[PDB]
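Every residue, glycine among them, receives a Cβ derived from its backbone with ideal geometry; neighbour counts consider all protein chains shown. Taken together, the values in this text are just the output of simple stated rules run on the coordinates, not laboratory data.
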Ligand SMILES: *[C@@H]1O[C@H](CO)[C@@H](O[C@@H]2O[C@H](CO)[C@@H](O[C@@H]3O[C@H](CO[C@H]4O[C@H](CO)[C@@H](O)[C@H](O)[C@@H]4O)[C@@H](O)[C@H](O[C@H]4O[C@H](CO)[C@@H](O)[C@H](O)[C@@H]4O)[C@@H]3O[C@@H]3OC[C@@H](O)[C@H](O)[C@H]3O)[C@H](O)[C@H]2NC(C)=O)[C@H](O[C@@H]2O[C@@H](C)[C@@H](O)[C@@H](O)[C@@H]2O)[C@H]1NC(C)=O
Ligand SMILES: *[C@@H]1O[C@H](CO)[C@@H](O[C@@H]2O[C@H](CO)[C@@H](O[C@@H]3O[C@H](CO[C@H]4O[C@H](CO)[C@@H](O)[C@H](O)[C@@H]4O)[C@@H](O)[C@H](O[C@H]4O[C@H](CO)[C@@H](O)[C@H](O)[C@@H]4O)[C@@H]3O[C@@H]3OC[C@@H](O)[C@H](O)[C@H]3O)[C@H](O)[C@H]2NC(C)=O)[C@H](O[C@@H]2O[C@@H](C)[C@@H](O)[C@@H](O)[C@@H]2O)[C@H]1NC(C)=O
Ligand SMILES: OC[C@H]1O[C@H](O)[C@H](O)[C@@H](O)[C@H]1O
Ligand SMILES: OC[C@H]1O[C@H](O)[C@H](O)[C@@H](O)[C@H]1O
Ligand SMILES: [Ca+2]
Ligand SMILES: [Ca+2]
Ligand SMILES: [Mn+2]
Ligand SMILES: [Mn+2]
């Protein structure tokens, strides 16, 4: 049984277990800021940043047909300082081909290049979307399960508790093919749940990189923070 | 679309929207005590109690083949005062045939008569089991999804935060047939999740009673409290 796991209770600047891309940065206080924060302390628009674990994960094997079960937990906060324009764009936990670089920002969240359902993306993602694009349901923010497309196969609206810490748990059970996610805000006690059937063998390559990506808007001040405080992950490929 | 819903932020003694069975009682403080509490304030063993919503729920229709999606949320606390003997037995949210009366107590939780997988039970339940019976996994307590049997088709161990309030969310998506449940302890921030595929048409009758049931042990002092503070439910049969 191939098992892989990591747990960051906080982030250490300079650690070589995380690959920072784009605007992503680890502060001296141990916070992972996915998108840029200006010197005035305000979030910058037109910013895209990602953080990928430095080791690829064996998610499934063609030879045996076995598929791994996995679970990831992370805490983040989104702070929206301006009344107008509308804040954007969101953050997303994703799994895709190894050695990947940032894709298009804005509503594509740094992981897609367009709004098409393309099998060549080979990407699975759980988004926390803050801006309603034309391919989005009118309600924002919302949790969404993305399978080879920014056009989610399932969405769940949630109320943002501005600047408060949210706890996320995402679990994938290989035997049932159920991807289930939960978002909890300790501040208000709010609990949101979403689940859908996803056969990862039809989406992802055998080996994948796991990461977090965030993006701010295409127009001046259409922005918000995308700060991550902790992140853990475990995967077990049965054998 | 046939929709039904109810929300009890607290329980009112004497309300006629709830059918109390066995030991179940609503206190002056607004708490639903599923199992008996002695005059000394300690939980009594050999106690079984249930509470059913007074109106039956239309879960599916044979004529159209349509199935309802539903969600229930409730808060409860289990307090285990004795070091020995081991506490028992647990509580469970369930759906089954209308006009039902309490079944066997103890490890059967007031909803089953034996440990067999019998289609005649026509019962679906999400248990919070505190005692390991021979049909149980060794880890207790645990959340379990019960389909026509006390022998869960899926279990998830959890750590009890003695006497603290736990929040539960159970959701069933008819389109995907996924039953997903979440348990959160605000006191410690612990989050537990469990999900499984359940086609209710193969289990439940068209109309069902929804309720909560609790039970204490078969031997002296093998007991604990099973207090419920709030309970809400919504179901929508597509049409
Ligand atoms: C977070 O980052 C940390 C820093 O990189 C990770 O810890 C490193 O993990 C490396 C494993 O990938 C590990 O590398 C080995 O280091 C051995 C020597 O260092 C130890 O022993 C020294 C005394 O001999 C002692 O002074 C040190 O303090 C260490 O105790 C070395 O012998 C190993 O080489 C063998 O294996 C390689 C790979 O098969 C062969 O190429 C080699 O011939 C030999 O057979 C190995 O060396 C590494 O080999 C690959 C090469 O590219 C690297 O340059 C070379 O370093 C390394 O020791 C530790 N570093 C420290 C300070 O502990 C950490 O990984 C997790 O923790 C470690 C301990 C391990 O359990 C990993 O599996 C974990 O993932 C990262 N954490 C996470 C969550 O990612
Ligand atoms: C929690 O318990 C509450 C108390 O039981 C529930 O509220 C009751 O809900 C009853 C619906 O099942 C409802 O019953 C109707 O009452 C009508 C008369 O009362 C109203 O109007 C009076 C003036 O005329 C006024 O003084 C009262 O204060 C009320 O405003 C009555 O006309 C209705 O009868 C018609 O419909 C029945 C059924 O088809 C026919 O049989 C009848 O011929 C006529 O066509 C109806 O009466 C009830 O009929 C069935 C019979 O067995 C009953 O004895 C008889 O009462 C009742 O008014 C309210 N009571 C109060 C105080 O509001 C509550 O239900 C929820 O809220 C209500 C308002 C409704 O929206 C329900 O759908 C909700 O579920 C329970 N809550 C929950 C979550 O379960
Ligand atoms: O106004 C901000 C908004 O700008 C464009 O519409 C982009 O497509 C969106 O993703 C968002 O960034
Ligand atoms: O000791 C308590 C214990 O007693 C018997 O074993 C019952 O079968 C269990 O459900 C539990 O009540
Ligand atoms: Ca969007
Ligand atoms: Ca048991
Ligand atoms: Mn979206
Ligand atoms: Mn059990």
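Using alpha carbons only, how many angstrom separate the centre of the range A:32-80 from the centre of the range A:1-31? Their Cα centres are 10 Å away from one another.
Between this copy and the others, label points of residue A:42 are 6.5 nm apart in ascending order, each placed 7 angstrom from Cα in the Cβ direction. Each 10 Å bin from zero up to the one holding the largest Cα-Cα distance in chain B carries the following percent of pairs: 8, 35, 39, 16, 2, 0. Kindly state, to the nearest 0.05, the FRET efficiency for residue B:199 paired with residue A:86, given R0 = 41 Å and r defined as their beta-carbon distance. Between residue B:199 and residue A:86 the formula returns 0.50.
Among A:42, A:62, A:95, the residue with the largest mean-square fluctuation in a Gaussian network model of chain A, with springs joining Cα atoms closer than 10 Å, is A:62.
Counting only other chain Cβ atoms within 10 Å of each residue's Cβ, the peptide B:159-170 averages 1.
At 0.36 nm per residue, minus the direct Cα-Cα distance, what do residue B:159 and residue B:218 gain on full extension? Give it in nm, one decimal, please. Using 0.36 nm per residue and subtracting the Cα-Cα distance, I get 18.9 nm. The simple spin-label model puts a point 7 Å past each Cα toward its Cβ; for residue B:16 and residue A:6 those points are separated by 6.3 nm.
Just how many % of Cα pairs in the protein assembly as shown lie over 29 Å apart, if you round to the nearest whole percent? Tail of the P(r) past 29 Å holds 52 percent of the pairs. Rounded to whole Å, the principal axis extents of the Cα atoms in the range A:62-147 read 54, 28, 24, largest first. For the peptide A:176-184, the mean number of other protein chain Cβ atoms found within 10 angstrom of a residue's Cβ is 5. In this assembly of identical copies, the label point of residue B:104 (Cα plus 7 Å along Cα-to-Cβ) is separated from its counterparts by 6.2 nm, sorted shortest first. Working note: Cα gyration tensor of the range A:121-239, eigenvalues times five, square-rooted, sorted largest first, giving semi-axes of 25, 18, 15 Å. Computed from label points 7 Å out along Cα-Cβ, the spacing between residue A:28 and residue B:190 is 3.8 nm. Each copy carries residue B:163; placing its label point 7 Å along the C-beta direction from Cα gives inter-copy distances of 3.6 nm, listed from smallest up.
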